[PDB]
Amino acid sequence: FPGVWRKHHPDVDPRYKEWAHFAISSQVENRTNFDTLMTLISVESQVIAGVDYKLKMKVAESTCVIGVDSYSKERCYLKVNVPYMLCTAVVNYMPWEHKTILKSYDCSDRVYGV
């Protein structure tokens with residue numbers, strides 16, 4: 001505000017899920033395993049310098065161990081019956097450099113879906 005977010009269908013662009021995996025996998029603090037994307041719930045965008053994408057997601061623990069496994073969406077699938085958290089990530093994309101940066105990442109408690 002005065003910015004406006006515009007809603008997008010989460011299947012419009014495969015990049016939205018790539019951006020989700022980028023955001024989730026970048027936040028490694030105090031974890032033994034990477035988190036991964038459970039469900040991309042919604043996507044909103046806003047133009048400033050580049051495009052800001054606000055990604056609301058279910059996030060939960062993957063099978064990939066930090067410092068043993070590199071992160072990839074293909075390798076780092078979900079563990080079974082672990083709780084999820086609701087997370088909102090804001091990623092900025094600069095088309096003119098094909099560059100992606102994480103602006104913010106805010107998560108609920110990791111207590112759901114169990």
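In what follows, residues are counted from 1 in the order of the sequence shown. These numbers come from the heavy atoms of this one structure, side chains and all, not from hydrogens, waters or symmetry mates.
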N/O donor to acceptor pairs below 3.5 angstrom from side-chain atoms of residues 1-9, sequence neighbours left out:
{"residue": "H8", "atom": "NE2", "partner": "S45", "partner atom": "OG", "Å": "3.1"}
{"residue": "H9", "atom": "ND1", "partner": "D11", "partner atom": "N", "Å": "3.1"}

Next item on the list: Output all residues satisfying salt bridge (charged side-chain N to carboxylate O under 4.0 Å, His left out) with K54, sequence neighbours left out; order by chain, then residue number.
Entry: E44
Check: Does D13 have any salt bridge (charged side-chain N to carboxylate O under 4.0 Å, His left out) partners at least two apart in sequence or in another chain, and if so, which?
Finding: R15
Check: Which ILVMFWY residues can you reach from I41 by hopping between side chains whose heavy atoms are under 4.5 Å apart?
Finding: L86
Check: Under a single-linkage rule joining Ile, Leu, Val, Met, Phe, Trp and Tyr whose side-chain heavy atoms are separated by less than 4.5 Å, which residues share a cluster with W96?
Finding: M94
Next item on the list: Please collect all salt bridge (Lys or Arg N to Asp or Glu O under 4.0 Å) contacts where either partner lies in residues 21-30, sequence neighbours excluded, each pair once.
Entry: none
Checklist line | Any pair counted as salt bridge (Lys or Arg N to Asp or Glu O under 4.0 Å), so long as it reaches residues 81-107, sequence neighbours left out | finding: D52-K103
Notebook entry, point to check: Under the side chain to side chain contact (heavy atoms under 4.5 Å, CB included) test, which residues partner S42, sequence neighbours left out?
Noted result: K56
Show me the donor-acceptor pairs within less than 3.5 Å that the side chains of residues 58-70 make with the rest of the protein, sequence neighbours left out.
{"residue": "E61", "atom": "OE2", "partner": "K79", "partner atom": "NZ", "Å": "2.8"}
{"residue": "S62", "atom": "OG", "partner": "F34", "partner atom": "O", "Å": "2.7"}
{"residue": "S62", "atom": "OG", "partner": "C64", "partner atom": "N", "Å": "3.0"}
{"residue": "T63", "atom": "OG1", "partner": "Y77", "partner atom": "O", "Å": "3.1"}
{"residue": "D69", "atom": "OD2", "partner": "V65", "partner atom": "N", "Å": "2.8"}

N/O donor to acceptor pairs below 3.5 angstrom from side-chain atoms of residues 16-23, sequence neighbours left out:
{"residue": "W19", "atom": "NE1", "partner": "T100", "partner atom": "OG1", "Å": "3.3"}
{"residue": "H21", "atom": "ND1", "partner": "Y71", "partner atom": "OH", "Å": "2.7"}

Item checked: Within-4.5 Å side-chain heavy-atom neighbours: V90 and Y105 -> no
Margin query: I'd like to check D35 versus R110 (side-chain heavy atoms, cut-off strictly below 4.5 Å). Are they in contact?
Written below: yes
Margin query: For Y84, give me all partners under side-chain hydrogen bond (donor to acceptor under 3.5 Å, both in side chains), at least two apart in sequence or on another chain.
Written below: none
Next item on the list: Scan residues 78-114 for pairs that pass disulfide bond (SG atoms under 2.5 Å apart), counting only residues two or more places apart or in two chains.
Entry: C87-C107
Notebook entry, point to check: So, does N92 use its side chain to make a donor-acceptor pair with the main chain of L102 at under 3.5 Å?
Noted result: no
